[PDB]
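>>> what would the 3D arrangement of this be:
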Amino acid sequence: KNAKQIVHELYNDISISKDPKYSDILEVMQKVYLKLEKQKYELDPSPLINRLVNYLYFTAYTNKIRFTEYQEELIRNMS
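Residues are numbered from 1 along each chain as shown. The coordinates are given below.
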């Protein structure tokens, strides 16, 4: 699984939720979606994915969000 594939898979599963607590995460991820298509991050998406992974845990803490095991697994894949 490459960066683009995992991000898309997580985005898709989170949007299935239909819980407003995830709206801010989805917002951030759409921007990550697009940046992954760019040249720079095409070569090395690592720094971008690391920022996303760190953002996910930080915001999850701040807003008391819980991810499912299925979602946590995908995040682990990213880290």
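>>> contacts for the helix or strand encompassing residue 54?
Element membership for residue 54, per DSSP states H and E: helix 46-63. With contacts defined as CB atoms under 8 Å, 6 or more residues apart in numbering, helix 46-63 is touched by 3, 7, 21, 24-25, 28-29, 32, 35-36, 41, 65-67, 75, 78-79. All C-beta atoms are positioned from the backbone trio N, CA, C, and that covers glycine.
>>> determine the set of other helices and strands touching the helix or strand following it.
Elements were assigned by DSSP H and E; along the chain past helix 46-63, the next helix or strand is helix 69-78. Packing partners of helix 69-78 (3 or more CB pairs under 8 Å, 6 or more residues apart in numbering; DSSP states H and E): helix 3-17, helix 46-63.
>>> which stretch among those comes nearest residue 71?
Residue 71 lies closest, by CB to CB, to one member of the helices and strands packed on helix 69-78: helix 3-17, at 5.9 Å.
>>> now that closest one: buried residues?
By 16 or more other CB atoms under 10 Å, the buried positions in helix 3-17 come out as 3-4, 6-7, 10-11, 14.
>>> pull the CA atoms of it into CSV?
Coordinates of the C-alpha atoms in helix 3-17 are reproduced here as CSV (Å, rounded to 0.1, in the frame of the first residue of the first chain):
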residue,chain,number,x,y,z
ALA,A,3,0.8,6.8,0.5
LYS,A,4,-2.0,7.7,-2.0
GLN,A,5,-3.7,4.4,-1.5
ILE,A,6,-3.8,4.4,2.3
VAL,A,7,-4.9,8.0,2.5
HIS,A,8,-7.7,7.3,0.1
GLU,A,9,-8.8,4.2,1.9
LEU,A,10,-8.9,5.9,5.3
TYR,A,11,-10.7,9.0,3.9
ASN,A,12,-13.3,6.7,2.4
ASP,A,13,-13.8,4.7,5.6
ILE,A,14,-14.1,7.8,7.7
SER,A,15,-16.6,9.5,5.4
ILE,A,16,-18.8,6.4,5.8
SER,A,17,-19.2,7.3,9.4
